[PDB]
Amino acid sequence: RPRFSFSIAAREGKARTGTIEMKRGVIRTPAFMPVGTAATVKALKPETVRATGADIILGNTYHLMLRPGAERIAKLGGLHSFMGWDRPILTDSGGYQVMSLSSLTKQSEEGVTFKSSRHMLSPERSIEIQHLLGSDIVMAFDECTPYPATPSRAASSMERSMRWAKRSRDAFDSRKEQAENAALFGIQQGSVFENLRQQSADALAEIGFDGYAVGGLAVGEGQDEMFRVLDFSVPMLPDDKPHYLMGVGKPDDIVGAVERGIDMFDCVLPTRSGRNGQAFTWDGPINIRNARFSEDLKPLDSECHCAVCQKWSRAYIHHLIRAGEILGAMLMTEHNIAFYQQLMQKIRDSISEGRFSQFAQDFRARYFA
């Protein structure tokens, strides 16, 4: 098995489908990564995550460095062994979460100091933490520019991120075992500004990465604006490497992003909203807590192939979620993650068959009916 090999099997417009081969497994693209922030995809055993179709999951440098700790996880055998997921794991670098979740932060050229306990993150420390975790796809340490931002503020922020991208590249390359067994992705910044996105793409390509994330989106800009930025931003990235849209998103966001050349996604929506009673269906989301479901014997979704829809009724799941029962969170989450994976499968198949445009149209007409 290779360290990292991306092959594009088919295209339709800007959309691509293919595979990333890595030592711990193959990732089918476009891919959705369930989020496992605290070394667990919430309410699911890893075997269940796999059974839904997931090829890779996401972990977080920020959360794990605090609890249970990076050195501790390494001492225990690495993140894969610790949580019982033996397939690829992508870890975010901490750059977004530190600014989102920390009470106090101090930003400088060196990195970010923060209070959880006082800690520091820098390109070097982030790469080392991800090494200790045993991440298969390592993200460069970046700065997610707040939205909105003035052109000048976006520029200075993006430029720092690019300097941090080079430092990330160097730290990764200095660690032989990491460079031989893992991959490193760069993160494009530049807010909503075309010239800055271009400068960022140029800087990242000059350094060279295994894949390229579009950072700084899904930060409150809304779908229209996100799509507008993707329209010009994705073509700036190297065509022959994967394109990863961080933190996206709703099913319609995913479809539109694939139409614009994105290959990889992660989002807490299916897990979090599952726990909250929202189930995804081909006819749009439903809230299972609604009284209309109290005696509904149909499964959550009429076409869904998941184990939950094969066995339990809306009425039962309605009862569980109303009662605050853990099994309710389990079943809703398994269904939602399975729904997301089936969406990705339909996307892959339709691109492979040259009918993705029709799929996107059919999907939207029904989902938003």
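What we label the rigid core is the largest C-alpha set whose atoms superpose within 1.5 Å from one form to the other. All residue numbers refer to positions in the sequence shown, first residue = 1.
With every structure aligned by its rigid core, 59-67 is the stretch of 25-33 and 59-67 whose CA positions lie farther away in 6 other deposited structures of this protein. Two stretches, 204-212 and 292-300, are weighed by how far their CA atoms sit from the shown form in 6 other deposited structures of this protein after rigid core superposition; the farther one is 292-300. Compared with other PDB entries of the same protein, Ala54 is present in all of those that resolve the residues around it, none of them, let alone a third, dropping it. Residue-level annotation: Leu44 lacks coordinates in a third or more of the other entries compared, counting only those that model residues on either side of it. Where coordinates are absent for parts of the deposited sequence, a chain break appears; between neighbours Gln223 and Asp224 there is no such break. Averaged over their C-alpha atoms, the temperature factors of 175-183 and 101-109 are higher for 101-109.
For the pair 62-70 and 321-329, the mean B factor over Cα atoms is greater in 62-70. Which of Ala257, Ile89, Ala213, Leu196 has the largest Cα B-factor in the deposited entry comes down to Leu196.
Note on the listed residues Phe293, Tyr244, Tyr147, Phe280: the highest Cα temperature factor in the record is that of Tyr147. Ranked within its chain, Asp301 lands in the middle third, by CA B factor from the PDB record. Split the chain's modelled residues into thirds by C-alpha temperature factor. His80 is in the lowest one. Per-chain ranking of the deposited C-alpha B factor places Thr37 in the highest third. In the PDB entry, a CA B factor belonging to the middle third of its chain's modelled residues is recorded for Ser352. For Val248, the recorded CA B-factor ranks within the lowest third of the chain. Only modelled residues enter the ranking.
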